[PDB]
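Presented below, as structure tokens, is a lone chain in the form deposited in one PDB entry.
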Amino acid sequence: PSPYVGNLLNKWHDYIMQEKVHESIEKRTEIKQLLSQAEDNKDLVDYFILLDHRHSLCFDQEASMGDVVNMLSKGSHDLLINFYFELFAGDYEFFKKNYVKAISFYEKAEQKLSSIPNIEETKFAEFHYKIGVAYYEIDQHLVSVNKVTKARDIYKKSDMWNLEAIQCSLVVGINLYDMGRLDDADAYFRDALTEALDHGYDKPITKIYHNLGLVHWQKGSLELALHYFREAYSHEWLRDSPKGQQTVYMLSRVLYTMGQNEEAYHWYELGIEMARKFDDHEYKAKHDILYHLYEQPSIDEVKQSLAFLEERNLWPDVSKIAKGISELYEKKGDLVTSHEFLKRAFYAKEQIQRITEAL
């Protein structure tokens, strides 16, 4: 994973400042082997150039280091090295889903942008997007829409960045959807959809279809949601990605919610299979909810599946699952359990901004 080698470049940075030559040199070779893949990202390279520049000053070929902190270059190298360090520390914390710390790191790197000689504005767009996505993951929707919209306005200035500009409009879209601005979300997706089509980007078109499915699902237009979930499953790459678990899951959940329990069960079995394929405990608990709701109802085992979702702090999803169960049981004329799930849906809404992380 590309966050992982960026993490190693930072361990090389740490071993150098601790003046330990040998540990620094393993990481330098480990990075040059993992860099020869030409596996994109010149930033990993540039950071590597800057670190070899200070590896040399500190250990290699220098008879007197006492004058190293007094060197003239130190000032310029420090700002770039610290910048990259902060940027990659942030990529790694994002990978671990510590979104508050990621934002902390991204923001330290973000200030250094003015001070660097020739950055032009697509580097500003990258931090706008990265910070915005982390804020989105912790459900800070207005600031998220603002940062990403800044990124899209930069990306929109160049035909060379149309894929990036489209990727930004997706994150705005899912933000409006999470906020419940469904009609704005729909408008936004279809305008993104037209020109993901113009350029024929398979992966963005697939996601817009899925998200349009979520939009009309939450609206209540079940058959129109069902159509869009299938359109996204058409794309062959999606079934082999872990991201496909969402759309397989929604297909199962949408069909059970209509009368179509037999095909619903088909997708359920397909969900359970990908869950084992990707070791995704979240989507096994989510499907166990479907199963113990619509085939072999056991309210206690629905509650244990929900309890597992709450231990993973997926509070936005627990709120909407639990509110749906609450609606089912009331329609079945059971009000004690419909009220108890409504209490659990409300408790979940209260957790959404409680943060989970240190903060």
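One-based numbering along the sequence shown. So that the term is clear: the rigid core is the largest set of C-alpha atoms that superpose within 1.5 Å between two forms.
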query	finding
Between 265 to 273 and 103 to 111 (mean CA B-factor, as deposited), the higher	265 to 273
253 to 261 set against 175 to 183, stretch whose average Cα temperature factor tops the other in the entry	253 to 261
Largest Cα B-factor, entry values, listed residues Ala63, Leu290, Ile325, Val318	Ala63
Residue with maximal Cα B-factor (values as given in the PDB entry) among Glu126, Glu137, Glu164, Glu236	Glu236
Among modelled residues of the same chain, the CA temperature factor third for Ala225	lowest
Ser24, C-alpha B-factor rank within chain (lowest, middle or highest third)	highest
Chain third (lowest, middle, highest) by recorded CA B-factor, residue given as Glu86	lowest
Lowest, middle or highest third - CA B-factor, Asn10	lowest
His281 - which third its CA temperature factor falls in, relative to the rest of the chain	highest
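The same protein also has a form deposited in another entry, omitted here; what follows describes it.
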{"item": "Flagged residue of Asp240, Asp198, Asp153, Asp202 - C-alpha shift reaching 2 Å or more between the shown form and the other one, core superposed", "value": "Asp240"}
{"item": "Rigid-core frame, C-alpha of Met65, shift of 2 angstroms or more between the shown form and the other one", "value": "yes"}
{"item": "In that other deposited form, shift in Cα separation for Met65 relative to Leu9, 3 Å or more", "value": "farther"}
